[PDB]
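Visitor: Give me the fold of what follows.
(2 chains)
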Amino acid sequence: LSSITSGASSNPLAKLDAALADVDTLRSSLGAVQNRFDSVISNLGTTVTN
Amino acid sequence: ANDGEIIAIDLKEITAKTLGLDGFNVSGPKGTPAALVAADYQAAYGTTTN
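Guide: Numbers count the residues shown, from 1 in each chain, chains lettered A, B, ... in the order given. This is the structure:
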């Protein structure tokens, strides 16, 4: 059954590159949000003390 | 590691027919010949000759 083939793709490497680009974009944004979040812990601790 | 990065090789085709050596002989004809049957036609030109 494995000889039944549809068409071959066109320029597969470009599509793979595009996929990798979407992924790393998202990971970058997540790292940014973490960097935001830490400062708030520090700030709130100081304000509570005062 | 991308598209369209080939390096091509030529690979011509060699047989006794291509070199031009078909029917090569010496000593001439052996005897008074006989007529053609239809078989040798497709023998020389392929089984589906016209």
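Visitor: Report the contact partners of the spatially closest residue to residue B:1 that is not a sequence neighbour.
Guide: Spatial nearest neighbour of residue B:1, excluding adjacent residues (CB to CB, 6 or more residues apart in numbering or on different chains): residue A:13 at 7.7 Å. The C-beta positions use only the backbone N, C-alpha and C, and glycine is treated the same way. Going by CB atoms under 8 Å, 6 or more residues apart in numbering or on different chains, residue A:13 touches B:1, B:2, B:3.
Visitor: Need the phi and psi values for the second one.
Guide: When quoted as degrees, to the nearest 10, the phi and psi of residue B:2 stand at phi -150, psi -160.
Visitor: Distance check, it against residue A:45.
Guide: With the distance defined as CB to CB, to the nearest Å, residue B:2 ends up 52 Å from residue A:45.
Visitor: show me where the chain has helices.
Guide: I went with chain A, as the question did not name one. A:12-49 (DSSP state H).
Visitor: ah, no, chain B please
Guide: So, for chain B - with DSSP H - the helices run B:39-45.
Visitor: Next, the spatially most central residue of chain B: phi, psi?
Guide: Centrality entry for chain B: nearest residue to the mean C-alpha point is residue B:17, 3.3 Å, by CA atoms, centre = their mean. When read as degrees, to the nearest 10, the backbone of residue B:17 gives phi -80, psi -40.
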